[PDB]
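Peer 1:
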Amino acid sequence: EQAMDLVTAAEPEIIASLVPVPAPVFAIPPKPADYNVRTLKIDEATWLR
Amino acid sequence: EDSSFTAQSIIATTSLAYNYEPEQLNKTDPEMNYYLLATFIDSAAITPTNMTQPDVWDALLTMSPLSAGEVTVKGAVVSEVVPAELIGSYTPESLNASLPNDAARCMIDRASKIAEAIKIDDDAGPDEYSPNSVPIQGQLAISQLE
Amino acid sequence: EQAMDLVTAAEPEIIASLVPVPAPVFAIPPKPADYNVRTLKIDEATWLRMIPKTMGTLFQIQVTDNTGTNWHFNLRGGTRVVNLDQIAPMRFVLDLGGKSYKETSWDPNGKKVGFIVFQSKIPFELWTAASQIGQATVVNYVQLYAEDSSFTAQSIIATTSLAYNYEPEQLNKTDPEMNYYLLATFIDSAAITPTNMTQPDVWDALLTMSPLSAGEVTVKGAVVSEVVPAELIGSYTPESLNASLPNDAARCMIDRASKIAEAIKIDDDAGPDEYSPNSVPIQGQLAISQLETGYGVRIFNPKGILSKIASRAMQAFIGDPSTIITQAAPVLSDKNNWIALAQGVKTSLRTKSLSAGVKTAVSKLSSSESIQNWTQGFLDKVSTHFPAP
Amino acid sequence: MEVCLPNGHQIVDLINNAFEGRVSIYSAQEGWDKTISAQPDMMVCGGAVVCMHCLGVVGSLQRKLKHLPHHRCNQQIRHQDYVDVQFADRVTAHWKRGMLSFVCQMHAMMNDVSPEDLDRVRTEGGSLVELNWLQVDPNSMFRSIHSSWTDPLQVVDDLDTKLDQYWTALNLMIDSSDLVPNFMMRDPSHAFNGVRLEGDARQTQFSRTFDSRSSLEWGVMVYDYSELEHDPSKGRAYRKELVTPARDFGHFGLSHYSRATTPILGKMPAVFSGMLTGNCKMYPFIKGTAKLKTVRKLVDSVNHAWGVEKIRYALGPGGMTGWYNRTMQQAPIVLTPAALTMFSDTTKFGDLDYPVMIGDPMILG
Amino acid sequence: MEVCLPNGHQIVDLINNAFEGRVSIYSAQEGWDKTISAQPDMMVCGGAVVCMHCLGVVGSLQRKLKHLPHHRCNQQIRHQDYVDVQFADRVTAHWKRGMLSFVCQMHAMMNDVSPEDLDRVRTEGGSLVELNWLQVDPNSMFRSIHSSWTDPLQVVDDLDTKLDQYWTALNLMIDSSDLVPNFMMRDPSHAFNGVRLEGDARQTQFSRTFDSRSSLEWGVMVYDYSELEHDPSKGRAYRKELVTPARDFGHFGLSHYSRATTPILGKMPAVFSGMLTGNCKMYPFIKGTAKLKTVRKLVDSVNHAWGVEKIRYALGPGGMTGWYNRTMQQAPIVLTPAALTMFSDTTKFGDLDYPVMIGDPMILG
Amino acid sequence: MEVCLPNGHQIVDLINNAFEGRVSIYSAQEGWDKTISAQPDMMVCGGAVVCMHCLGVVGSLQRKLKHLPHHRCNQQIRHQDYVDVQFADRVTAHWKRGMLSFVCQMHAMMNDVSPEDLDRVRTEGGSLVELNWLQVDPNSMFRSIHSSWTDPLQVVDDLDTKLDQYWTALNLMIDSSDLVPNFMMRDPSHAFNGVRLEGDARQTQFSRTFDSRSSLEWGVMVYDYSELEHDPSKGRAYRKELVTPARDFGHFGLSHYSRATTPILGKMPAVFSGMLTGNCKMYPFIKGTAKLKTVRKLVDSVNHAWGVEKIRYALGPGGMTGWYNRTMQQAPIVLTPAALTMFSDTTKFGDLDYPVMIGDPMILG
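Protein chains in written order, with PDB author numbering: chain Z, 287 to 335; chain R, 433 to 578; chain A, 287 to 675; chain L, 1 to 365; chain E, 1 to 365; chain C, 1 to 365.
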């Protein structure tokens, strides 16, 4: 029963979805990240000028 | 200050924090471009010889999202995504460069929950078949026949 | 039911208390953290203690341990030490690898360094003479070898973990004047010339500290024996929170909030900037604030505009629940509002009677039906390979 | 509107800015302007804006507000307790203005000197020029009996850049000349106690702080080298070897060490950063311990004003009284400018050779 | 077996590697060896295996592939889309073979010089050796209209090691004897825009890019010092002071700066990496805008052949079109090598003293 | 009370200390004091407290214990299995006592020369100080048959401190006097394999180990440099050119190189680390592999006596036997002092020209 509850919470249709899924529906709480802007590669980051 | 290692200087701990609200900017003109910089700031124009750094971006930065409604896909924020296309679509370098709001990271968390669920349901060891693995074998056989 | 279990774990009235609360009920297990004493900033943090610079006092001292080994070492000016007195039990692990630490006739590689604890009435900062250190003892020491580092012409000390577990009972402090201090420095049985080695301490090293007590918290800029969650709410600046150690009650409040945040998320799946049942307590709190006569500047804001601001505030909480501890947080300024919402959220979970959203399920069923169609087509190709008679 | 009492770091910051004169203060009469004196309404400490009447942090640098709407403000604070912060800031601004004006006057006299005359002086030595201190800037509020601290501050813009350019240029010119200014001192502590004081110099009394209690009015004072000029048995070469400031403060081109001037304004010494630092920073020779003593009475009033539990959360463990005791311990470290100890470590020549007297400033080769 | 496109970073890297002429191509007849021309079946992009018939990444460099498995291939890929890229790579390879053969010839001729002859010239100066440019690599399509990129690639083993050693030996010999070659240039700009041309040499056209339209067959152009020999004012001593390259480029053994030749081959001067960089590397000084335009047809075909979301995720903002515009903005940065910027900025002698024309290569004193 | 086995790294640390004669050992009769020989009850090994009767480790210095806690003792641990380790540590301690007394004697003798005589000798070279090798620590086991490892340790205080001070003074004195010792060797390998022994030197047998199978009592080995003084061509100037230790070892105050004497005690030279490195450390020239081989018998005993799972967890892969073999492979890696390689590479005077004999230590120019 616990395994089935976990699978339902995961949402197999959402994880394996082949059709567009709304960002609020697909997303889950995000986590912070740290970076050193001087060391970032411009060939990797499209968010910097 | 100077470190225990001689000839090494240590800067005191800092917590410089900037909150970026795009809605606070209320951008209307597309021409308007928004740029973020972090550098030593002085009220009087600095003598260029005194400070030669282009910026002080050579620093350790901790970022906290002020947005909870935006997710990034293929380098862009997305109102919706295709999970199947998401499958196996990131190189290690791309995932490493991804921002904290990246869809791939969210997909990976959901995938880890599914992997844990599958492992709870199946106690089969590696190289041991199971009712949940043989369908995959069938898919592979069909793929080769196709 | 999972949401109700979350509410039961939260005990929100306790976690929203503005009046005195028993310390043990709020307290939770502490987490070990790493710091570099050279990197440590004593002025910002009330807890940090270091002998002030400009005292410039260097004196060599020798003591024998329970085994009876005698070690000669000299405290030097600007040296900082862990203030053991009043910090309760603690276990510390030190990594000095990569610090050059090279003396003119002394090679750092192969040297032994030790941790020394001094017990005496005189303040370590007030120490000006050898007798002031009192019961100073090297709890642990390490002899290590170093090899060339990645840096060109640079050698790197090998990775090390000098570690000692210290608890209050071993000191058995009975006198307040008696003060306990922990120091990281090279220690040897033989006397060592001070001129060759100028380091005040080897505290400029990677250090891992494991707390053996979680009983110490500081709020209102003051160390507190018992903690009030409302006092905890909105009381730490980002730099101030950084100053706050893991034992600080704010981190415990944040974990309780994360369970509460999970309950709130289960309660509301509405889109950002959209009025929702979850924000009804929030709008009411703001409305009461709007009702409140405005000290100095006084303005009136539309209820629909109030709803939009409340939606933004709620989305901000969804993005970061831990922001609540921020001192005078403009976004998280009202503790009573948080307390009221918490009671309301628990009620909404309790009031909830089988309410669910049809759209996501119908979209999933549609995708499932297309997958079913795909499955049918694959079986059909298989029948082409293996047709039913 | 619930309000938050200030944390210790913000208060230390507020004290430094007040001595700094860089504090941000909002007064309804002047808005965020502090040029014209008015009772303080809003001030910025430790990255946050504080309401003076309720003694609570009204705002932070994160947001911009034209004015404060009606809000919960105790207003039970006594202005007498916090009058000192405003007084210190006003005193600092006027004093900085005075130092710059005195600097402009001396540099202007040097610029006026024709190059041929300076070369002739190099040939014979002696003081290049002098200015009448008795007639010097009596217009200043410190130098005018009519002028008052309450009097509105003069509008000043571009002061720092001009100060930096003039000081560097003056120092470079003096270095080429090797003439000896008599308006500077090898050791600042000697000025309060060390150099002999006679007559008006004997009459001189040093409070050693800018405060409401001690008069800041005093005459221009200079080292006594007129006697050596009259007794030229001592060589101009001998003076360049020793009397020269580079001989005492290190080569200015080769030195980051700060150099000390005589306390010309109301017996107030000025600190100038060494050339190797690459910029000119001005500080009066006043101890930070005095600033700490200034906040002690205010600390007692605030302790009564705010709840102990709130203080325990904001200041953390030990309380505001404990915070102040720890601060009394840190009075030597937290508020200390580096430049004050940045001067040349020692002087071989010594200062007992020449006394200091109240005199017109001059530089002599 | 369905396949997906590689990442934009991988594609930009693939373009840079291709311009290096290190393109990895698999053909059934020759497998992964591109020495013998064949239609490519697969190509390696950024450490990944892409199908050349469906343009789909099917694997990575970690897994070796010896055959292409039967797969669901779109088969809409026209060879003509990337055959031109193959032509460019093959031509670049032929150009490298020509440069190597030319280096071998120059090195051998220099080695033959007897020390007595060398000393007599050291006493006098002047070109030690002269080569008829008509004899320089005539068999190549660069000096033969008949020769084509479609011709088989010359077998080359250990090309890089040999080239580095020969260039180093030649430079060391020239440095020891302070020699002056007529085939070296201080600054690239004069090569297509600066050196003065004579007669038909004025009609010589440097494309500054790679295109199939331009014939690659041309004469060898070099600096003209016949007038220099005629000129009385520039003797061996004058040359040692200024003409010898070491005065402008620095001592070869003591400098990181790159050294460049006149556009001897392919109307292209060659740049060799500095000795202190740890190797000597020869590259043509060419912009990457052409490489970016050459991917334009590929982008259109892919946009027809790929999903919107997949393209947005892989090519980034603006899909492939947006990626192209942003990359065009980055072409000065993403496609411009630092090695192109490794030459000495300072050149005392100057490059406009003598004219450049198709002429006999020589080294003079 | 159960007990736990030790780790192999802790064992390596214990072995290094045992060869250094500094092992911390506890006996019930003598507690932690090892001055009087007794069967060990506990030892401190590689950061752990080991039971010497049950081989159990369950204690740490952080919490002091008055005595070995009442424990379940296997009593299967044979003293003969580890007695050699105790023997090695005790003998090394006695050896250190002898070395210290010898250093003190040399320092006193060096301090016994009149300055006028000292200056005349510095000018002409020749004998200045000579120590009667019979007078050096006559009562020790290495110089007296009566002394044994089981005998009580001579009570000594600051042995390391005294040795360091005397060695430093002696080295500075020799450096000032430029004396050349007949009691030092540039290379240790010559001592057992190179230098030509004379008389009893020919009979000398070097165990190159610490075991109770070889007489440790022996005469003080020195160079027969008598013929060198006899040699006319080796004048004081000639000796300073090539013979002087500063030519071979460098200046003691100006060199990082280690300094090694001849095998004065127990046929063992004393080598001290370079002063400039920070300190002078003296160790006997012993191979680490032999010490591990001594541990071999105990390893076999432990493998027979301890549980396989416990042995695998404590001694690591291959059990104790595997750990020993891997350690034997890594013995140079962890058992070799760096100072051995810290001697000056250049040697002018050398160690092979003259023979070695048991003689009086002396230094001359």
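From the three backbone atoms N, C-alpha and C, an ideal C-beta is built for every residue, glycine too.
In the DSSP assignment, find the unbroken alpha helix (DSSP H) run with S301 of chain C in it and report its ends.
Peer 2: Taking the sixth sequence and counting its residues from 1, the one referred to as residue 301 of chain C is at position 301. Its alpha helix (DSSP H) spans residues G288 to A305.
Peer 1: Measuring CA to CA, which of A:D381, A:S530, A:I552 and A:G557 is closest to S641 of chain A?
Peer 2: The residue labelled residue 641 of chain A in the question sits at position 355 within the third sequence. Checked all of A:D381, A:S530, A:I552 and A:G557; the closest Cα to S641 of chain A is A:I552.
Peer 1: In the DSSP assignment, what are the bridge partners of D434 of chain R?
Peer 2: Stepping through the second sequence from its first residue, residue 434 of chain R is reached at position 2. Partner(s): R:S441.
Peer 1: Using only the alpha-carbon positions, how far apart do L153 of chain E and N193 of chain E sit?
Peer 2: Translated into the one-based positions of the fifth sequence, residue 153 of chain E becomes position 153. Translated into the one-based positions of the fifth sequence, residue 193 of chain E becomes position 193. Going from the Cα of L153 of chain E to the Cα of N193 of chain E covers about 33 Å.
Peer 1: Could you tell me which chain A residues have their CB closer than 9 Å to the CB of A444 of chain R, listed as they occur along the chain?
Peer 2: For this step, residue 444 of chain R is matched to residue 12 along the second sequence. By Cβ distance, chain A contributes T325, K327, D329 and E330.
Peer 1: Could you check the C-alpha separation between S212 of chain L and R90 of chain L for me, to the nearest Å?
Peer 2: As a position in the fourth sequence, residue 212 of chain L is number 212, starting the count at 1. As a position in the fourth sequence, residue 90 of chain L is number 90, starting the count at 1. About 11 Å.
Peer 1: Is the CB of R537 of chain A under 8 Å away from at least one CB in chain L?
Peer 2: Numbered from its first residue, the third sequence carries residue 537 of chain A at position 251. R537 of chain A does not count as touching chain L.
Peer 1: Touch check for the region 276 to 295 of chain L and the region 308 to 323 of chain L: three-plus C-beta pairs under 8 Å?
Peer 2: The region 276 to 295 of chain L vs the region 308 to 323 of chain L: no contact.
Peer 1: Given a cut-off of 8 Å on the beta-carbon distance, is the pair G274 of chain L and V121 of chain L in contact?
Peer 2: The sequence position of residue 274 of chain L within the fourth sequence is 274, counting from 1. The sequence position of residue 121 of chain L within the fourth sequence is 121, counting from 1. No, the Cβ-Cβ distance between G274 of chain L and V121 of chain L is not below 8 Å.
Peer 1: At a CB distance below 9 Å, what residues from the region 486 to 506 of chain A approach chain R? Give them in sequence order.
Peer 2: The residues in question are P486, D487, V488, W489, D490 and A491.
Peer 1: Cα-Cα, which of E:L179, E:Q76 and E:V12 is closest to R236 of chain E?
Peer 2: As a working mapping, residue 236 of chain E is identified with position 236 in the fifth sequence. The candidate whose alpha carbon is nearest that of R236 of chain E is E:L179.
Peer 1: At a CB distance below 7 Å, what residues from the region 628 to 652 of chain A approach chain Z? Give them in sequence order.
Peer 2: Listed in sequence order: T646 and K650.
Peer 1: Find the residues of chain Z that neighbour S511 of chain R, judging by a C-beta separation of less than 8 Å, and give them in chain order.
Peer 2: Counting from 1 along the second sequence, the entry for residue 511 of chain R is found at position 79. Simply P308 and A309.
Peer 1: Please go through the same chain and pick out, in chain order, the residues whose beta-carbon is closer than 6 Å to the beta-carbon of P269 of chain E, but skip the five residues on each side of it.
Peer 2: Here residue 269 of chain E refers to the residue found at position 269 when the fifth sequence is read from its first residue. Correct list, in chain order: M185, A191, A260, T261, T262 and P263.
Peer 1: Against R312 of chain E, what residues of chain B qualify as contacts under a CB-to-CB distance less than 9 Å, listed in chain order?
Peer 2: Absent from the structure: chain B. Protein chains present are Z, R, A, L, E and C.
Peer 1: Per DSSP, what kind of secondary structure is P115 of chain L in: helix, strand or coil?
Peer 2: Here residue 115 of chain L corresponds to residue number 115 of the fourth sequence, with the count starting at 1. Residue state, collapsed to three classes: helix.
Peer 1: Say whether chain L places a C-beta atom closer than 8 Å to the C-beta of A476 of chain R.
Peer 2: One-based indexing of the second sequence puts residue 476 of chain R at position 44. Yes - at least one Cβ of chain L is within 8 Å of the one on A476 of chain R.
Peer 1: Along the chain, where does the alpha helix (DSSP H) that runs through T161 of chain L open and close?
Peer 2: What you label residue 161 of chain L is simply residue 161 of the fourth sequence in a count that begins at 1. Segment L159 to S177, the alpha helix (DSSP H) holding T161 of chain L.
Peer 1: Under 8 Å Cβ-Cβ, which residues of chain L neighbour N482 of chain R?
Peer 2: Working through the second sequence from its first residue, we reach residue 482 of chain R at position 50. Per Cβ cutoff of 8 Å: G278 and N279.
Peer 1: Should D555 of chain R be labelled buried (16 or more other beta-carbon atoms within 10 Å of its own) or exposed?
Peer 2: Residue numbering aside, residue 555 of chain R sits at position 123 when the second sequence is read from its first letter. Flag for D555 of chain R reads exposed.
Peer 1: Smallest Cα separation from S176 of chain L: which of L:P115, L:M320, L:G21 and L:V222?
Peer 2: For the purposes of this step, residue 176 of chain L is taken as residue 176 along the fourth sequence, with counting starting at 1. Of L:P115, L:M320, L:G21 and L:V222, the residue nearest in Cα terms is L:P115.
Peer 1: Helix, strand or coil for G557 of chain R per DSSP?
Peer 2: Taking the first residue of the second sequence as 1, we reach residue 557 of chain R at position 125. In the structure shown, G557 of chain R sits in coil (DSSP, three-state: anything other than H, G, I, E or B).
Peer 1: Mapping DSSP to helix, strand and coil, what is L326 of chain Z?
Peer 2: For the purposes of this step, residue 326 of chain Z is taken as the residue at position 40 of the first sequence. In the structure shown, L326 of chain Z sits in coil (DSSP, three-state: anything other than H, G, I, E or B).
Peer 1: May I have the straight-line CA-CA distance separating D81 of chain E from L298 of chain E, to the nearest angstrom?
Peer 2: Position 81 of the fifth sequence, counted from the start, is the residue given in the question as residue 81 of chain E. Position 298 of the fifth sequence, counted from the start, is the residue given in the question as residue 298 of chain E. When rounded, the distance between both Cα atoms is 7 Å.
Peer 1: Ignoring anything shorter than 4 residues, give me the alpha helix (DSSP H) runs that lie fully in the region 74 to 133 of chain E, in order along the chain.
Peer 2: DSSP runs (the alpha helix (DSSP H)) wholly in the region 74 to 133 of chain E: 79 to 112 and 115 to 124.
Peer 1: Could you tell me how far apart the beta carbons of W357 of chain A and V424 of chain A are, in whole angstroms, since I believe they sit closer than 8 Å?
Peer 2: Against the third sequence, residue 357 of chain A aligns to sequence position 71. Against the third sequence, residue 424 of chain A aligns to sequence position 138. Correct: roughly 6 Å between the Cβ atoms.
Peer 1: Okay, do the region 157 to 167 of chain E and the region 211 to 231 of chain E touch, 3+ Cβ pairs below 8 Å being the bar?
Peer 2: Flag = no, the region 157 to 167 of chain E and the region 211 to 231 of chain E do not touch.
Peer 1: Would you say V3 of chain E and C54 of chain E are within 8 Å of each other, going by their C-beta atoms?
Peer 2: Taking the first residue of the fifth sequence as 1, we reach residue 3 of chain E at position 3. Taking the first residue of the fifth sequence as 1, we reach residue 54 of chain E at position 54. Result yes, Cβ atoms of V3 of chain E and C54 of chain E sit closer than 8 Å.
Peer 1: Select from L:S226, L:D117, L:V156 and L:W95 the residue whose C-alpha is nearest the C-alpha of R143 of chain L.
Peer 2: By 1-based counting over the fourth sequence, the position of residue 143 of chain L is 143. Cα-wise, what sits closest to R143 of chain L is L:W95.
Peer 1: What residues of chain E sit near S526 of chain R, judged by a beta carbon separation below 8 Å?
Peer 2: As a position in the second sequence, residue 526 of chain R is number 94, starting the count at 1. Neighbours of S526 of chain R on chain E, chain order: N7 and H9.
Peer 1: Does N458 of chain R have its Cβ less than 8 Å from a Cβ in chain L?
Peer 2: As a working mapping, residue 458 of chain R is identified with position 26 in the second sequence. Chain L, which has no Cβ nearer than 8 Å to the Cβ of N458 of chain R, makes this no.
Peer 1: Please classify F249 of chain E: does DSSP put it in a helix, a strand, or coil?
Peer 2: One-based indexing of the fifth sequence puts residue 249 of chain E at position 249. Here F249 of chain E sits in helix by DSSP.
Peer 1: Between which two residues does the alpha helix (DSSP H) containing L364 of chain E stretch?
Peer 2: Taking the first residue of the fifth sequence as 1, we reach residue 364 of chain E at position 364. It is not in any alpha helix (DSSP H) - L364 of chain E instead sits in the beta strand (DSSP E) that spans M362 to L364.
Peer 1: Kindly list, in the order they appear in chain A, the residues whose Cβ is closer than 9 Å to that of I77 of chain L.
Peer 2: On the fourth sequence, residue 77 of chain L is found 77 positions in, with the first residue counted as 1. By Cβ distance, chain A contributes nothing, its closest Cβ being about 14 Å from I77 of chain L, past 9 Å.
Peer 1: List the endpoints of the continuous beta strand (DSSP E) containing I25 of chain C.
Peer 2: Counting from 1 along the sixth sequence, the entry for residue 25 of chain C is found at position 25. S24 to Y26 is the extent of the beta strand (DSSP E) around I25 of chain C.
Peer 1: As a quick exercise: from E:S27, E:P181, E:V58 and E:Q76, pick the residue whose alpha carbon is nearest that of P361 of chain E.
Peer 2: Taking the fifth sequence and counting its residues from 1, the one referred to as residue 361 of chain E is at position 361. Out of E:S27, E:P181, E:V58 and E:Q76, E:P181 has the C-alpha closest to the C-alpha of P361 of chain E.
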